[PDB]
Visitor: 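Pasting a structure here, questions to come.
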Amino acid sequence: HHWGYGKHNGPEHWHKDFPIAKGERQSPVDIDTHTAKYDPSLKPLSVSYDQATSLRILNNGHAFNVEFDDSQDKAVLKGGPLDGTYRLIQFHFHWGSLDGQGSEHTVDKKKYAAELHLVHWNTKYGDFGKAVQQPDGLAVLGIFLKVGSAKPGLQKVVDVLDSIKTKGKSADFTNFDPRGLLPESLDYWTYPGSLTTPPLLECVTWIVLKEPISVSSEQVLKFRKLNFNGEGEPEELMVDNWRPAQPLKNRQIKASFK
Ligand SMILES: Nc1c(F)cc(S(=O)(=O)Nc2nnc(S(N)(=O)=O)s2)cc1Cl
Ligand SMILES: Nc1c(F)cc(S(=O)(=O)Nc2nnc(S(N)(=O)=O)s2)cc1Cl
Ligand SMILES: [Zn+2]
């Protein structure tokens, strides 16, 4: 039936309905830190989220998305390998059933407990819909989450999760500041890729931060209490909603740091 992360509709099945699954620039990929090359042509990365307007949080049966108002440039990503301005539309996470797995991208094969994706679209293309029809339509800022100390800026998300336990549920989630989810350093790796979930469109410039943010065991645990299924259907814990590393093929990963 519908794609998912189960044994019969998981990552290894997606190619049947979404051929691009075996394309040339699929994500995520393993980040070989030694093979990644520092790039001088990379302009300073700019993350301007002070005017961010969060609107709501929703369970789409695959993960939960915190959406933002992107009708105006309020939260934009610029600089780095990007040409132009990209507006934040939503962010979500990917996590595992255990602390030892969960991230989509990996660093020297190392898997983190989870991974944060802040999705942005290129303003030159008018809307998100048109942006996903362009090779450079999107820019996703990926941040790894390791288990350790609690991340203050993530608790507001964690505490609202009970109100959107099942697929289809959503709740007002205004005045949330995404800056509270950013690590100290902005050092990153970047490469051309795709969405990590169907339709797996290859319209993404990936920017993955090197420094992980640390979250508490209890914060991650609450992520695992969510449900893939709908309210009246049998319970299936929302865990391991990540796609494994895909072939890098003809691509190079650039580092913004030497
Ligand atoms: N417009 C547009 C786009 F959004 C994406 C891709 S693509 O990602 O390179 N190729 C695929 N086109 N459809 C695909 S799917 N979901 O496998 O059927 S992905 C090509 C074009 Cl031309
Ligand atoms: N066409 C199209 C698209 F390319 C993407 C999304 S989306 O759900 O908002 N975006 C996400 N889908 N995958 C994500 S990931 N894990 O960041 O690569 S972002 C929805 C539609 Cl309808
Ligand atoms: Zn994602």
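Counting from 1, the numbers follow the sequence of the chain as shown.
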Visitor: Holding to salt bridge (charged side-chain N to carboxylate O under 4.0 Å, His left out), I want the full list of residues that pass it with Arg56, two or more places apart in sequence or in another chain.
Guide: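 Salt bridge (charged side-chain N to carboxylate O under 4.0 Å, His left out) list for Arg56, sorted by chain: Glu67.
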Visitor: Could you tell me the separation between the CG atom of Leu182 and the NZ atom of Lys151, rounded to the nearest 0.5 Å?
Guide: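 Separation between the atoms: 8.0 Å.
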Visitor: Passes ring-ring contact (aromatic ring centres under 6.0 Å, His included), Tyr188 versus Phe257? Steps please.
Guide: CA-CA 7 Å; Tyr188 66 84; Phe257 56 97; 8.1 Å; no
Visitor: Please confirm whether the backbone N or O of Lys111 pairs with a side-chain atom of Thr106, one donor and one acceptor, at under 3.5 Å?
Guide: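 Not at all, since once roles are kept as given, no pair shorter than 3.5 Å links the two residues.
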Visitor: Testing the 3.5 Å rule here: is there a donor-acceptor pair between the side chains of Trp121 and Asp70?
Guide: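 Yes, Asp70 and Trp121 have a side-chain donor paired with an acceptor closer than 3.5 Å.
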Visitor: Does the plane of the ring in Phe223 sit parallel, tilted or perpendicular to the ring in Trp95? Use 30° and 60° as the thresholds.
Guide: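 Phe223 and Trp95: perpendicular rings.
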Visitor: Shortest non-hydrogen contact from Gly230 to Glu233?
Guide: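 Closest approach of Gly230 to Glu233, heavy atoms only: N-OE1, 2.8 Å.
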Visitor: Between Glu236 and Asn227, is there a side-chain donor-acceptor contact under 3.5 Å, judged purely by atom types and distance?
Guide: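 Side-chain D/A pair, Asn227 to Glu236: absent.
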Visitor: Would you indicate whether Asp177, at its atom CG, is surrounded by more than 12 heavy atoms from other residues, nucleotides or ligands within a distance under 6.0 Å?
Guide: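 Enclosed.
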Visitor: Looking at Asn250, is its backbone amide N or carbonyl O close enough to the side chain of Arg25 to form a donor-acceptor pair, meaning the two atoms are under 3.5 Å apart?
Guide: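 Such a contact is absent between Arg25 side chain and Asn250 backbone.
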Visitor: Would you say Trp14's side chain and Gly4's backbone share a donor-acceptor pair under 3.5 angstrom?
Guide: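 At least one qualifying donor-acceptor pair exists.
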Visitor: Please confirm whether the backbone N or O of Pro28 pairs with a side-chain atom of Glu104, one donor and one acceptor, at under 3.5 Å?
Guide: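 Not at all, since once roles are kept as given, no pair shorter than 3.5 Å links the two residues.
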Visitor: Is the backbone N or O of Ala113 less than 3.5 Å from a side-chain atom of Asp99, with the two atoms forming a donor-acceptor pair by type?
Guide: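 Between the backbone of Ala113 and the side chain of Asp99 there is no qualifying donor-acceptor contact (under 3.5 Å).
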Visitor: Under the side-chain hydrogen bond (donor to acceptor under 3.5 Å, both in side chains) test, which residues partner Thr166, sequence neighbours left out?
Guide: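 Per chain and number, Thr166 pairs via side-chain hydrogen bond (donor to acceptor under 3.5 Å, both in side chains) with no residue.
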Visitor: Where do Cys203 and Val132 come nearest, in terms of heavy atoms and distance?
Guide: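 Distance-wise, the nearest heavy atoms are SG-O, 3.5 Å.
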Visitor: How far apart are the C-alpha atoms of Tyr86 and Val76, what are their side-chain angles, what is the distance that settles it, and do they pass the side chain to side chain contact (heavy atoms under 4.5 Å, CB included) test?
Guide: CA-CA 5 Å; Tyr86 287 69; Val76 302; over 6 Å; no
Visitor: Under the ring-ring contact (aromatic ring centres under 6.0 Å, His included) criterion, do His62 and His94 qualify, and how do the steps go?
Guide: CA-CA 9 Å; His62 306 298; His94 294 270; over 10 Å; no
Visitor: Is a side-chain N or O of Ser163 found less than 3.5 angstrom from the main chain of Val160, in a donor-acceptor match?
Guide: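 Judged by distance alone, yes, a pair lies under 3.5 Å.
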Visitor: With rounding to the nearest 0.5 Å, note down the distance linking CD in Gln155 to NZ in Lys222.
Guide: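 It comes to 5.5 Å.
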Visitor: Using only atom types and a distance under 3.5 Å, with no angle test, would you say the side chain of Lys165 pairs donor to acceptor with the backbone of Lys225?
Guide: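 Checked: pair present.
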Visitor: Test side-chain hydrogen bond (donor to acceptor under 3.5 Å, both in side chains) on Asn229 and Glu235; report intermediate values, then the result.
Guide: CA-CA 6 Å; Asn229 60 283; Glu235 297 189 1; over 6 Å; no
Visitor: Is there side-chain contact between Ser185 and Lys210, with at least one heavy-atom pair below 4.5 Å?
Guide: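 Heavy-atom side-chain distance check fails, nothing below 4.5 Å.
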Visitor: Do you know which two heavy atoms are closest between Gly193 and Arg251, and how far apart they sit?
Guide: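 Distance-wise, the nearest heavy atoms are CA-NH1, 3.8 Å.
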Visitor: Please say which of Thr190, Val29, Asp32, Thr35 ends up in a side chain to side chain contact (heavy atoms under 4.5 Å, CB included) with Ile253.
Guide: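 The side chain to side chain contact (heavy atoms under 4.5 Å, CB included) with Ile253 is passed solely by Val29 among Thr190, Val29, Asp32, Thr35.
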Visitor: Where does the angle between the aromatic ring planes of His117 and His105 fall among parallel (under 30°), tilted (30 to 60°) and perpendicular (over 60°)?
Guide: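 Perpendicular: the ring planes of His117 and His105 meet at over 60°.
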Visitor: Which pairs of donor and acceptor atoms, one on a side chain in residues 136-148, lie under 3.5 Å apart (sequence neighbours left out)?
Guide:
| residue | atom | partner | partner atom | Å |
| --- | --- | --- | --- | --- |
| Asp136 | OD1 | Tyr125 | OH | 2.6 |
| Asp136 | OD2 | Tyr125 | OH | 3.4 |

Visitor: Would you call the rings of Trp206 and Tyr191 parallel, tilted or perpendicular if under 30° counts as parallel and over 60° as perpendicular?
Guide: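 The arrangement is parallel - the two ring planes meet at less than 30°.
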Visitor: Could you give the distance from CG (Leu195) to CZ (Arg243), rounded to the nearest 0.5 Å?
Guide: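 Spacing of CG (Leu195) from CZ (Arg243) equals 10.0 Å.
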Visitor: My understanding is that only residues two or more places apart in sequence, or in another chain, count here; which of them pass ring pair (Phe, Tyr, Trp, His ring centres under 6.0 Å) with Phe176?
Guide: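 Per chain and number, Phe176 pairs via ring pair (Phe, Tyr, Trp, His ring centres under 6.0 Å) with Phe91, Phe173.
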Visitor: Holding to side-chain hydrogen bond (donor to acceptor under 3.5 Å, both in side chains), I want the full list of residues that pass it with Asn65, two or more places apart in sequence or in another chain.
Guide: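 Residues passing side-chain hydrogen bond (donor to acceptor under 3.5 Å, both in side chains) with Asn65: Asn60, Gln90.
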Visitor: Has the side chain of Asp108 got a donor or acceptor atom that lies under 3.5 Å from a matching backbone atom of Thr33?
Guide: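 Yes: the side chain of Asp108 pairs with the backbone of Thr33.
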Visitor: Can you see whether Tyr112 has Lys110 sitting over its ring - NZ or CZ less than 6.0 Å from the centre and within 45° of the normal?
Guide: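 Cation-pi check for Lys110 and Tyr112: passes.
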Visitor: Measure the spacing between CZ of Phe68 and OG1 of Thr53 and express it to the nearest 0.5 Å.
Guide: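 Between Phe68 CZ and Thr53 OG1, I get 8.5 Å after rounding to 0.5 Å.
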Visitor: Which residues pass the salt bridge (charged side-chain N to carboxylate O under 4.0 Å, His left out) test with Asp69, sequence neighbours left out?
Guide: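 With neighbours one apart ignored, the set is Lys74.
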Visitor: To the nearest 0.5 angstrom, please state how far the OG atom of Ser54 sits from the CG atom of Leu88.
Guide: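 Reported to 0.5 Å precision, the distance equals 10.0 Å.
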Visitor: Do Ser194 side-chain atoms and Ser27 backbone N/O form a donor-acceptor pair below 3.5 Å?
Guide: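 Side chain of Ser194 to backbone of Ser27, a donor-acceptor pair under 3.5 Å: yes, one is there.
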Visitor: Between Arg87 and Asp73, is the closest basic N to carboxylate O distance under 4.0 Å?
Guide: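 A salt bridge is present here (some side-chain N lies under 4.0 Å from a carboxylate O).
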Visitor: Can a donor-acceptor pair be found, under 3.5 Å and without considering hydrogens, that links the side chain of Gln246 to the backbone of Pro244?
Guide: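 At least one qualifying donor-acceptor pair exists.
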Visitor: Between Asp39 and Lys258, does any side-chain N to carboxylate O distance fall below 4.0 Å?
Guide: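 No.
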